[PDB]
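Where a number appears in this text, it was derived from the coordinates with a stated rule and is not lab data. We place every Cβ from the backbone using ideal geometry, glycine too, and count neighbours over all the protein chains shown.
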Ligand SMILES: [Ca+2]
Ligand SMILES: [Ca+2]
């Protein structure tokens, strides 16, 4: 997979809420998918398998930037023992008018991942009520997204 920028993600499993808090903090040096040399980025998240197709979250769109700051956090209600059953799919897109939005890149976290994609997830799961915030380099190859380039 080729690099498409970096994303800073925060994860915290809250015992009180019985929920995974997912923070989309900011991105750095995203791929430019517009004719002006920039992108209009937003980030989507899913928690999969998504029983009932309700896990979609999307950040606001930031205009004309390759270094967006989102500082948004969402929550997935889930018992701690089910966390290891799931993958967190985080994808970055470029909002366009007049055509479908361009895919920028993504990252998938889960116990079946590798390297820091695995370690970030594992660190969250093994440290309840501790926020773990880590950068990941985006890939251009996300299953179910677009063809690799
Ligand atoms: Ca575009
Ligand atoms: Ca655009």
Next item on the list: Rounded to the nearest Å, what's the spacing between the alpha carbon centres of the stretch 86-110 and the stretch 1-37? Just the number, please.
Entry: 10
Notebook entry, point to check: Between residue 44 and residue 129, 0.36 nm times their residue separation minus their Cα-Cα distance comes to what?
Noted result: 28.2 nm
Note to self: Under 10 Å, Cα contacts only: if you run a Gaussian network model on the chain, which one of 23, 110, 81 comes out with the highest mean-square fluctuation?
What the structure shows: 81
Item checked: With Cα atoms, 0 to 90° folded angle of helix 115-126 axis to the chain main axis -> 40
Margin query: With a 10 Å cut-off between alpha carbons and a GNM built on the chain, which of 106, 37, 115 moves the most?
Written below: 115
Next item on the list: Report, to two decimal places, the Cα Rg of the chain normalised by 2.2 N^0.38 Å (N = number of residues).
Entry: 1.02
Notebook entry, point to check: Suppose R0 equals 35 Å; then what is the FRET efficiency for residue 149 and residue 73 from their Cβ-Cβ distance, rounded to the nearest 0.05?
Noted result: 0.65
